[PDB]
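Laid out below as structure tokens are two forms of one and the same protein chain, each shown alone and named structure 1 and structure 2.
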Structure 1
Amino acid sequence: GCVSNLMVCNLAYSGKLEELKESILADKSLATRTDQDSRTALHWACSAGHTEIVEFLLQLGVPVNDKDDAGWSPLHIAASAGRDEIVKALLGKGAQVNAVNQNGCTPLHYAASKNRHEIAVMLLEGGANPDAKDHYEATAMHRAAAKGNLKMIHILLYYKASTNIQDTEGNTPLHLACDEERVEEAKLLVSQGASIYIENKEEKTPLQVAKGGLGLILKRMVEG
């Protein structure tokens, strides 16, 4: 359901291209009219993933980097919602890959946590900083690790994301993988540089927060 108080934002959300075209034909300014959250038709089109509508808006020359009241840009919205083709179009029209919202998150953070593989590759090929830290000092790798997104970790590693960045609690992605008992993800991380010796702010290493026999599994890998 769409919460926008604007008719035009609702048209964009429900994918009514023709009706939207008529509205905007009747009043050009509607293309960039902001609702109660400073979202325009573009934000809402990205959310619902209506590619043709985004394409139309873009060719009208609407701004593509304006943030809503929560700091979310169209790219943030498209990446989170998993809108492959829209992300591609946005990046093609100069969307800022490293834009942050009020939480300090880039579009990559959401791609990574939500397991948007194609979008992640797009963002990273587009120059996204893999080590970008949000206001919790967490990286995309933290998200991928916690959720147990193996493929996403491989992607991030190919683009040279660090495995040992500590968040605000002092946890590395390995701490998170171990706590959620994400076994294969934890092995991968270790096999590619993640330290089993780094302590969080409770002075625990990733082995000490590991559940099941995961601690010993990782200890073996490193220490035999």
Structure 2
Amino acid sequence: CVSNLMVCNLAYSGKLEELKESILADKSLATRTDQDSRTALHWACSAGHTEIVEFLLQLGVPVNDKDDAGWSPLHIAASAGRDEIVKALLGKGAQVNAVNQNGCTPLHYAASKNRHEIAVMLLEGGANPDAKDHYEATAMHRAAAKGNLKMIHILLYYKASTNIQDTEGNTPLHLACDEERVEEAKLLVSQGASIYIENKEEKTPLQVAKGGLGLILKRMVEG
């Protein structure tokens, strides 16, 4: 029991036929909100019930309404890794650059959870690759930190900047160097990540890098 609203519990638990009978008899239940300000769409996205999402979209429910934590269906779908539900929400013009209460866009969640296919769909859908959260961090900061080369290639193909500083003054290259993501550091530098930008501790990526990574990155840029 995730909701005080029956159609939401039906949506979460995947009761397509029951949910369809409830809504078709009372079409206002499709947009009725619960204790978390969630509709049946929000809960169907969370649990991954593609066919219930398709039913609710075919009725013409709004697709951009935020719950009490600022989460849109597209935030929920992206984070829970619902590939087909992301696709359906984008087909109905879900807001790709919507922000929740943490300032996170759906692409922030795609990056932070290595959702390659969802990241591509969001970027093809016009997602801003350089969207900054409340700590001024990007998809690229998460991909670089976590050491996800596939995600770095995707973000670079869709023209993500590599030089945006977070509130601690760190670029994705500082994070790659601090987390000792060697191949990620070299890829970022080969594609224009600055070895000169200083974080709030007045450190370049070279000075954060451990081992011999810093001299390797310096040689790549300066010879």
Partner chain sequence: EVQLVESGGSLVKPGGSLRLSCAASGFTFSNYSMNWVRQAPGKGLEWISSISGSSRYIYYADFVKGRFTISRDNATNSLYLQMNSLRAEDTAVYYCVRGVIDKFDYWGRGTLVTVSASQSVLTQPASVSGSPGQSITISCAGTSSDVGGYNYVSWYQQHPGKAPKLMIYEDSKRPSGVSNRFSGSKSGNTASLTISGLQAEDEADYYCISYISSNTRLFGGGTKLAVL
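Residue indices: 1-based, along structure 1. C-alpha atoms forming the largest set that superposes within 1.5 Å between two forms make up the rigid core.
Only structure 1 of the pair represents the form deposited with its partner chain bound.
After superposing the rigid core, the C-alpha of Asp27 moves by 2 Å or more between the two structures. Core-superposed comparison between the two structures: the C-alpha position of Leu17 differs by less than 2 Å.
Core-superposed comparison between the two structures: the CA of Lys201 stays below a 2 Å shift. Note on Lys219: its Cα is shifted 2.6 Å between the two structures, core used for superposition. If you overlay the core, the Cα of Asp37 moves by 1.0 Å between the two structures.
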